[PDB]
Structures are given as C-alpha cells and as structure tokens.
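Q: The following block contains the structure, expressed as structure tokens.
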Amino acid sequence: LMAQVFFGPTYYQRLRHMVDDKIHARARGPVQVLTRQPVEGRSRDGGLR
DNA sequence: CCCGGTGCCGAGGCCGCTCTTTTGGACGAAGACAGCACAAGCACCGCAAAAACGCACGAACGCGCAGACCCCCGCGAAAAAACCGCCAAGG
C-alpha cells in the first residue's frame, strides 16, 4: 500500500443492539379490536406507523 | 317665558385579572395493576336408633279324656217381707 497504516490493539466492547433483534416485517396479521388497525410491537407482529 | 346652567342619569372605553390550551418523530423491552368480599340456600355425606334374616328352642295350640261342680227341678219349712195403722218428735 502506498500509504502506511496506523496499526495496534484497542479495547472494543460488544453492545446489546444486534440486528437480529431489530429486523421486522409484516404483510398482514393481528389488528386492534377497537380500531381494526395493525397492533403495535415487533414482538406482537405489529405494523409500522 | 326667552336665554342660560347645573347636576343627573346615562353613555361608552378602557385597564385588570382569570381561564384555557399545548409543549419533535420513530422504535424497543420489561414490569405491575385490573372492587370484592360477607351472608346465604339447595343440595349432599353420614350418624342415631330403629331394622333383616337365619336358627333353634319351646311355648302355646290342639285334641282327647276326666269328672267335678254348677245349673236346674223338686217339695216345705221357715222366716222375713208385705200390709195396715196410730202418732210423736223432728225436719
């Protein structure tokens, strides 16, 4: 490489936010009883606002 | 009674204080509440003392015989019961 590279060990930490705990998709599913709109929440297979 | 004027109710304008309404978007997870309890009736389980069924005894029923004694008849003696009457003392 034409440019030299800064290089060495550094202390890194893994945070709790992982993509597989955030990915969510919905085509159709449960709806609220009062308004008949998609429910809220990824855990409940909800929709996006 | 004409020229003029005052207080008067009346008039609108304006300043102050009270009420109302709203304050970014999206997403995630977890955790903890949701009236509720006390007094009651229809029905059940199971306990008190009255009840089931066998067995063996022997009591009481039956029958057959005995004869005692109770009923009934009789004739007369015996006696009270019945009848009649005067009258006194007690109700």
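Naming works like this for the structure tokens: A, B, ... for the chains as they're shown, residue 1 at the start of each chain, ligands 1 onward in shown order.
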Output as a PDB file with N, CA and C atoms, in the first residue's frame the set of chain A residues within 9 Å of chain B, with distances taken over only C-alpha atoms (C1' of nucleotides).
A:
ATOM      1  N   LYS A  22     -33.760  -6.631  15.889  1.00  0.00           N
ATOM      2  CA  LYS A  22     -34.442  -5.445  15.392  1.00  0.00           C
ATOM      3  C   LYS A  22     -35.118  -5.635  14.048  1.00  0.00           C
ATOM      4  N   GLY A  41     -45.865  -3.196  17.964  1.00  0.00           N
ATOM      5  CA  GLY A  41     -44.811  -4.007  18.538  1.00  0.00           C
ATOM      6  C   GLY A  41     -44.233  -5.021  17.581  1.00  0.00           C
ATOM      7  N   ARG A  42     -42.915  -5.196  17.624  1.00  0.00           N
ATOM      8  CA  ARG A  42     -42.284  -6.239  16.824  1.00  0.00           C
ATOM      9  C   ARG A  42     -42.573  -7.614  17.402  1.00  0.00           C
ATOM     10  N   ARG A  49     -45.768   2.693  11.852  1.00  0.00           N
ATOM     11  CA  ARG A  49     -46.620   3.871  11.873  1.00  0.00           C
ATOM     12  C   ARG A  49     -46.289   4.797  10.710  1.00  0.00           C
TER      13      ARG A  49
END
